[PDB]
Each structure stands twice: as C-alpha cells, then as structure tokens.
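Enquirer: This is the content of data_9.pdb (PDB, C-alpha atoms (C1' of nucleotides) and all ligand atoms):
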ATOM      1  CA  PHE A 142       0.000   0.000   0.000  1.00  0.00           C
ATOM      2  CA  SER A 143       3.095   2.188  -0.521  1.00  0.00           C
ATOM      3  CA  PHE A 144       1.576   3.139  -3.934  1.00  0.00           C
ATOM      4  CA  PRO A 145      -0.410   6.173  -2.485  1.00  0.00           C
ATOM      5  CA  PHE A 146       3.031   7.600  -1.485  1.00  0.00           C
ATOM      6  CA  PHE A 147       5.022   6.104  -4.409  1.00  0.00           C
ATOM      7  CA  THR A 148       2.680   7.918  -6.804  1.00  0.00           C
ATOM      8  CA  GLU A 149       2.460  10.999  -4.582  1.00  0.00           C
ATOM      9  CA  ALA A 150       5.661  11.718  -6.552  1.00  0.00           C
ATOM     10  CA  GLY A 151       4.596  10.061  -9.815  1.00  0.00           C
ATOM     11  CA  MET A 152       5.719   6.443  -9.865  1.00  0.00           C
ATOM     12  CA  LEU A 153       3.024   4.940 -12.087  1.00  0.00           C
ATOM     13  CA  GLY A 154       4.912   2.031 -13.629  1.00  0.00           C
ATOM     14  CA  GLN A 155       4.587  -1.682 -12.796  1.00  0.00           C
ATOM     15  CA  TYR A 156       5.178  -2.195  -9.057  1.00  0.00           C
ATOM     16  CA  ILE A 157       5.100  -5.953  -8.418  1.00  0.00           C
ATOM     17  CA  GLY A 158       6.231  -7.181  -4.991  1.00  0.00           C
ATOM     18  CA  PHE A 159       7.062 -10.849  -4.476  1.00  0.00           C
ATOM     19  CA  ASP A 160       6.327 -12.534  -1.144  1.00  0.00           C
ATOM     20  CA  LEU A 161       5.989 -16.290  -0.424  1.00  0.00           C
ATOM     21  CA  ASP A 162       3.280 -16.549   2.304  1.00  0.00           C
ATOM     22  CA  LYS A 163       0.234 -17.230   0.056  1.00  0.00           C
ATOM     23  CA  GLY A 164      -2.156 -17.097   3.042  1.00  0.00           C
ATOM     24  CA  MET A 165      -0.898 -13.493   3.438  1.00  0.00           C
ATOM     25  CA  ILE A 166      -0.557 -12.577  -0.292  1.00  0.00           C
ATOM     26  CA  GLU A 167      -4.177 -13.725  -0.958  1.00  0.00           C
ATOM     27  CA  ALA A 168      -5.340 -12.035   2.262  1.00  0.00           C
ATOM     28  CA  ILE A 169      -3.913  -8.812   0.689  1.00  0.00           C
ATOM     29  CA  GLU A 170      -4.426  -9.484  -3.087  1.00  0.00           C
ATOM     30  CA  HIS A 171      -8.260  -9.606  -2.726  1.00  0.00           C
ATOM     31  CA  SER A 172      -7.873  -5.861  -1.869  1.00  0.00           C
ATOM     32  CA  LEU A 173      -7.636  -5.011  -5.621  1.00  0.00           C
ATOM     33  CA  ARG A 174     -11.423  -4.329  -5.805  1.00  0.00           C
ATOM     34  CA  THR A 175     -12.614  -4.939  -2.187  1.00  0.00           C
ATOM     35  CA  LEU A 176     -10.449  -1.974  -1.122  1.00  0.00           C
ATOM     36  CA  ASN A 177     -10.402  -0.366  -4.597  1.00  0.00           C
ATOM     37  CA  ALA A 178      -6.628  -0.212  -4.790  1.00  0.00           C
ATOM     38  CA  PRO A 179      -5.299   1.518  -7.926  1.00  0.00           C
ATOM     39  CA  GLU A 180      -5.837  -0.410 -11.165  1.00  0.00           C
ATOM     40  CA  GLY A 181      -2.344   0.198 -12.589  1.00  0.00           C
ATOM     41  CA  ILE A 182      -0.438  -2.263 -10.380  1.00  0.00           C
ATOM     42  CA  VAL A 183      -0.016  -6.049 -10.452  1.00  0.00           C
ATOM     43  CA  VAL A 184       1.277  -8.369  -7.722  1.00  0.00           C
ATOM     44  CA  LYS A 185       2.708 -11.868  -8.133  1.00  0.00           C
ATOM     45  CA  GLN A 186       4.348 -14.339  -5.766  1.00  0.00           C
ATOM     46  CA  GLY A 187       8.037 -15.190  -5.808  1.00  0.00           C
ATOM     47  CA  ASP A 188      11.075 -15.513  -3.592  1.00  0.00           C
ATOM     48  CA  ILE A 189      14.614 -14.234  -4.035  1.00  0.00           C
ATOM     49  CA  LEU A 190      16.663 -16.754  -2.062  1.00  0.00           C
ATOM     50  CA  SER A 191      15.567 -18.885  -5.045  1.00  0.00           C
ATOM     51  CA  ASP A 192      14.473 -16.643  -7.950  1.00  0.00           C
ATOM     52  CA  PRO A 193      16.248 -13.299  -8.636  1.00  0.00           C
ATOM     53  CA  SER A 194      16.208 -13.537 -12.470  1.00  0.00           C
ATOM     54  CA  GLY A 195      14.829 -10.835 -14.784  1.00  0.00           C
ATOM     55  CA  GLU A 196      15.323  -7.207 -15.773  1.00  0.00           C
ATOM     56  CA  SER A 197      13.813  -4.132 -14.107  1.00  0.00           C
ATOM     57  CA  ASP A 198      14.910  -0.638 -13.087  1.00  0.00           C
ATOM     58  CA  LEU A 199      14.281  -0.248  -9.325  1.00  0.00           C
ATOM     59  CA  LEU A 200      14.745  -3.256  -6.978  1.00  0.00           C
ATOM     60  CA  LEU A 201      12.883  -2.516  -3.685  1.00  0.00           C
ATOM     61  CA  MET A 202      14.515  -4.748  -1.014  1.00  0.00           C
ATOM     62  CA  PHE A 203      12.366  -4.453   2.144  1.00  0.00           C
ATOM     63  CA  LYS A 204      12.321  -7.824   3.993  1.00  0.00           C
ATOM     64  CA  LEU A 205      15.442  -9.265   2.219  1.00  0.00           C
ATOM     65  CA  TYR A 206      17.597  -8.404   5.311  1.00  0.00           C
ATOM     66  CA  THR A 207      20.147 -11.227   5.839  1.00  0.00           C
ATOM     67  CA  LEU A 208      17.627 -14.070   5.267  1.00  0.00           C
ATOM     68  CA  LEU A 209      19.363 -14.725   1.902  1.00  0.00           C
ATOM     69  CA  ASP A 210      22.719 -14.574   3.772  1.00  0.00           C
ATOM     70  CA  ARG A 211      21.123 -17.188   6.097  1.00  0.00           C
TER      71      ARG A 211
ATOM     72  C1'   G B   1     -13.946  21.962  80.281  1.00  0.00           C
ATOM     73  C1'   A B   2     -18.270  18.316  79.306  1.00  0.00           C
ATOM     74  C1'   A B   3     -23.559  13.923  75.566  1.00  0.00           C
ATOM     75  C1'   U B   4     -19.947   8.718  79.060  1.00  0.00           C
ATOM     76  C1'   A B   5     -16.601   2.142  72.673  1.00  0.00           C
ATOM     77  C1'   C B   6     -23.220  -2.664  71.630  1.00  0.00           C
ATOM     78  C1'   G B   7     -17.783  -5.335  68.993  1.00  0.00           C
ATOM     79  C1'   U B   8     -11.567  -7.531  67.009  1.00  0.00           C
ATOM     80  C1'   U B   9     -13.205 -10.991  60.536  1.00  0.00           C
ATOM     81  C1'   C B  10      -8.780  -6.910  58.820  1.00  0.00           C
ATOM     82  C1'   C B  11       0.043  -6.304  56.224  1.00  0.00           C
ATOM     83  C1'   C B  12       2.986   0.124  62.405  1.00  0.00           C
ATOM     84  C1'   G B  13       4.729  -5.305  64.109  1.00  0.00           C
ATOM     85  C1'   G B  14       5.864 -10.111  66.356  1.00  0.00           C
ATOM     86  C1'   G B  15       5.397 -15.306  68.193  1.00  0.00           C
ATOM     87  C1'   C B  16       3.730 -20.760  67.376  1.00  0.00           C
ATOM     88  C1'   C B  17       3.420 -23.860  62.882  1.00  0.00           C
ATOM     89  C1'   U B  18       3.096 -26.072  57.750  1.00  0.00           C
ATOM     90  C1'   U B  19       4.368 -27.409  52.785  1.00  0.00           C
ATOM     91  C1'   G B  20       7.796 -26.191  49.135  1.00  0.00           C
ATOM     92  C1'   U B  21      11.857 -23.132  46.485  1.00  0.00           C
ATOM     93  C1'   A B  22      13.051 -21.387  39.614  1.00  0.00           C
ATOM     94  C1'   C B  23      16.620 -19.653  47.618  1.00  0.00           C
ATOM     95  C1'   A B  24      21.626 -18.473  50.384  1.00  0.00           C
ATOM     96  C1'   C B  25      23.544 -10.496  50.024  1.00  0.00           C
ATOM     97  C1'   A B  26      18.804 -15.419  50.710  1.00  0.00           C
ATOM     98  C1'   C B  27      11.429 -14.210  46.452  1.00  0.00           C
ATOM     99  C1'   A B  28      10.454 -14.200  42.488  1.00  0.00           C
ATOM    100  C1'   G B  29      10.237 -17.387  38.362  1.00  0.00           C
ATOM    101  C1'   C B  30       7.152 -19.331  29.997  1.00  0.00           C
ATOM    102  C1'   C B  31      12.150 -15.379  23.362  1.00  0.00           C
ATOM    103  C1'   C B  32      12.030  -9.874  20.280  1.00  0.00           C
ATOM    104  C1'   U B  33      16.348 -10.636  18.628  1.00  0.00           C
ATOM    105  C1'   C B  34      21.786 -13.087  13.969  1.00  0.00           C
ATOM    106  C1'   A B  35      25.940 -12.244   8.443  1.00  0.00           C
ATOM    107  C1'   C B  36      27.344 -15.150  13.441  1.00  0.00           C
ATOM    108  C1'   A B  37      33.189 -15.889  13.049  1.00  0.00           C
ATOM    109  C1'   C B  38      37.255 -19.569  14.574  1.00  0.00           C
ATOM    110  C1'   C B  39      39.621 -23.843  16.693  1.00  0.00           C
ATOM    111  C1'   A B  40      37.500 -29.565  17.697  1.00  0.00           C
ATOM    112  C1'   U B  41      34.128 -33.702  15.757  1.00  0.00           C
ATOM    113  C1'   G B  42      30.586 -36.492  12.150  1.00  0.00           C
ATOM    114  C1'   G B  43      30.636 -36.649   7.180  1.00  0.00           C
ATOM    115  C1'   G B  44      32.440 -36.298   2.548  1.00  0.00           C
ATOM    116  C1'   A B  45      32.611 -35.886  -6.414  1.00  0.00           C
ATOM    117  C1'   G B  46      37.069 -37.223  -7.485  1.00  0.00           C
ATOM    118  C1'   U B  47      43.485 -38.502  -6.441  1.00  0.00           C
ATOM    119  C1'   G B  48      46.757 -42.048  -4.900  1.00  0.00           C
ATOM    120  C1'   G B  49      49.120 -46.090  -3.651  1.00  0.00           C
ATOM    121  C1'   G B  50      50.413 -49.285   0.692  1.00  0.00           C
ATOM    122  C1'   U B  51      49.605 -54.720   1.262  1.00  0.00           C
ATOM    123  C1'   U B  52      48.112 -56.559  -2.406  1.00  0.00           C
ATOM    124  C1'   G B  53      43.985 -60.448  -2.967  1.00  0.00           C
ATOM    125  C1'   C B  54      41.211 -62.234  -7.716  1.00  0.00           C
ATOM    126  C1'   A B  55      40.531 -63.746 -13.685  1.00  0.00           C
ATOM    127  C1'   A B  56      44.581 -64.272 -16.132  1.00  0.00           C
ATOM    128  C1'   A B  57      48.789 -63.403 -19.520  1.00  0.00           C
ATOM    129  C1'   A B  58      54.101 -62.799 -19.631  1.00  0.00           C
ATOM    130  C1'   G B  59      58.893 -65.602 -16.401  1.00  0.00           C
ATOM    131  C1'   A B  60      65.065 -62.543 -14.702  1.00  0.00           C
ATOM    132  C1'   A B  61      68.341 -65.610 -12.049  1.00  0.00           C
ATOM    133  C1'   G B  62      68.780 -70.137  -9.988  1.00  0.00           C
ATOM    134  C1'   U B  63      67.441 -75.422  -9.028  1.00  0.00           C
ATOM    135  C1'   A B  64      65.566 -79.956 -11.248  1.00  0.00           C
ATOM    136  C1'   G B  65      64.071 -82.853 -15.584  1.00  0.00           C
ATOM    137  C1'   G B  66      64.166 -84.136 -20.735  1.00  0.00           C
ATOM    138  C1'   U B  67      67.223 -83.761 -25.058  1.00  0.00           C
ATOM    139  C1'   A B  68      68.375 -86.452 -32.332  1.00  0.00           C
ATOM    140  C1'   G B  69      72.425 -80.308 -32.298  1.00  0.00           C
ATOM    141  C1'   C B  70      77.240 -79.200 -30.477  1.00  0.00           C
ATOM    142  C1'   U B  71      81.833 -80.157 -27.677  1.00  0.00           C
ATOM    143  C1'   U B  72      85.466 -82.906 -24.651  1.00  0.00           C
ATOM    144  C1'   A B  73      92.262 -84.748 -20.096  1.00  0.00           C
ATOM    145  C1'   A B  74      91.403 -88.633 -15.858  1.00  0.00           C
ATOM    146  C1'   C B  75      87.608 -94.661 -16.772  1.00  0.00           C
ATOM    147  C1'   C B  76      86.676 -99.110 -20.183  1.00  0.00           C
ATOM    148  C1'   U B  77      88.775 -99.114 -24.805  1.00  0.00           C
ATOM    149  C1'   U B  78      86.887-103.741 -28.376  1.00  0.00           C
ATOM    150  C1'   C B  79      91.465 -99.515 -29.333  1.00  0.00           C
ATOM    151  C1'   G B  80      86.693 -97.498 -35.055  1.00  0.00           C
TER     152        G B  80
HETATM  153 MG    MG A 301       5.826  -7.878  58.280  1.00  0.00          MG
HETATM  154 MG    MG A 302      53.824 -61.058  -4.612  1.00  0.00          MG
HETATM  155 MG    MG A 303      72.172 -73.535 -16.247  1.00  0.00          MG
END
Is it possible to give me this structure as structure tokens?
Expert:
Amino acid sequence: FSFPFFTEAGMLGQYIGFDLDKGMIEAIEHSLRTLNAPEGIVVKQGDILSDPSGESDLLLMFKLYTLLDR
RNA sequence: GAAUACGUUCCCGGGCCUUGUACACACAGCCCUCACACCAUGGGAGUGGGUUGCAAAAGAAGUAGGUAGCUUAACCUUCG
C-alpha cells in the first residue's frame, strides 16, 4: 500500500512485490477491488533466495535483510 | 472543660506452625532478537598407492628334468 506515497511523486509504472506466504498474499491481493486499490499495479508471488532472475529498473529490497545470507 | 466504645473478621509489628523453592547479600520465576566468526568432531565428487587379494597373460636368475644339435684330459677301450 506504498503506492499512495510512491505515486504521490509520480511512480506509475509496474510495481510488483514478491512474497511467499500465500495465506498473506491472498489475504492482501483480494484488496484489488474490495479496497479499490489503484488499477495500474499487479502483484505476483516469488522468492529471491531462489528466484532473482529478470530485468527491471528499481529493486525494492524491504524484507530481504540477511535471510538470503542465512 | 463536658452527651460517658453494643464489637476484634482486617500487612505500624511479632510469636507458634506447615508445605515447598526457579533460595543463600537469601522471592520471584514461559524469546524480540543473527551475516554469526574460529579452533574440535561427524561426514564427505574425485586422487593415490600401501599390502596386495582375484581372472589371467608374460617368467630374470637359480634349481631340477628331458634332449636327435654341439663339444670334450682322468675310466673301459673292443682300441673305429
Ligand atoms: Mg511484616
Ligand atoms: Mg607377490
Ligand atoms: Mg644352467
């Protein structure tokens, strides 16, 4: 829900955060219409101690910490 | 200068006693946080032999056996 403040500046591109807890991702992904969260943002599951492959521009690391160095 | 506690179940404080205790300066006891180094142990792709076992092949020296080639002083010579 950082989008209200990410777009307060004008980030409007594809923000897609990847968690693993599906009982938490689906307890927060239903919000798309229930809460009427902005319609310009996707979310998809994924880890990073296993899957850091792709290309993007900004790489938000919030709960990475040293769990990958664990 | 006088209207006059019917009553002690109640941590100003102590005695008698009991069970414990996560107790001995001596009373109370259920994590929120992490890459965690570095010496010791249990492992552990492959390397390598020791010592070699096993299926064999090949066999140096020596010892023994055979042996039509070859060679030779003692013996017998029939004297070839
Ligand atoms: Mg007392
Ligand atoms: Mg041997
Ligand atoms: Mg010989």
Enquirer: Identify which of the residues B:40, B:24, B:58, B:35 lies closest to chain A, counting all atoms listed in the file when measuring atom-to-atom distances.
Expert: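 Looking at the shortest contact to chain A, the residue is B:35.
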Enquirer: Determine the residue membership of the PyMOL selection byres ((chain A and not hetatm) within 12 of (chain B)) for the file above and supply it as a PyMOL selection string.
Expert: chain A and resi 206-211
Enquirer: Mind giving me the straight-line distance from atom CA of residue 178 of chain A to atom CA of residue 198 of chain A in Å, one decimal?
Expert: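 Value for the atom CA of residue 178 of chain A-atom CA of residue 198 of chain A distance: 23.1 Å.
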Enquirer: Compare A:152, A:202, A:169, A:157 by their minimum atom-to-atom distance to residue 183 of chain A, counting only C-alpha atoms, and give me the closest one.
Expert: A:157
Enquirer: Could you tell me how far atom CA of residue 172 of chain A sits from atom CA of residue 196 of chain A, in Å to one decimal place?
Expert: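 The value is 27.1 Å.
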